[PDB]
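Before any questions on binding or motion, here is one chain by itself as structure tokens, the form deposited without the DNA.
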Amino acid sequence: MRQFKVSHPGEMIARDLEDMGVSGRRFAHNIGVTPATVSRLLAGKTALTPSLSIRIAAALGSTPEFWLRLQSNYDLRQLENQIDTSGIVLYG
């Protein structure tokens, strides 16, 4: 079936940076983002956007697509039963 807990990619990245010895401040410097944006990210308070996904993959590897897919997967889980499609007519 589906994974019970789906994490916000930022919090995963946060746990990964800790296991690495890279601080939010250092990571921000490296990927070319303001420490303010990065800290909001590692808290899971802003989305991991396409512009970020390119930067982040340049630093933590894999593809920008992967990181973006994580965000989407999380975003749609967070949206389960939050949107009333009752409601909307499916064109036939």
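Heads up, when I say rigid core I mean the largest set of C-alphas that superpose within 1.5 Å between the two forms. Note that residue numbering follows the sequence shown and begins at 1.
Another form exists, deposited with the DNA bound; not displayed. Remarks below refer to it.
Here the marked residues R2, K5 and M12 all miss the DNA in the deposited bound form; none has a heavy atom within 4.5 angstroms. The DNA is not shown here, but in the deposited bound form it comes within 4.5 Å of a heavy atom of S23. Using a 4.5 angstroms threshold between heavy atoms, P64 stays clear of the DNA in the deposited bound form. The DNA is not shown here, but in the deposited bound form it comes within 4.5 Å of a heavy atom of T37. Within this chain, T46 lines the site of the DNA in the deposited bound form, having a heavy atom no more than 4.5 Å away. Annotation: Cα of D19 displaced by less than 2 Å between this form and the one not shown, core superposition. With the core superposed, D84 shows a C-alpha displacement of at least 2 Å between this form and the one not shown.
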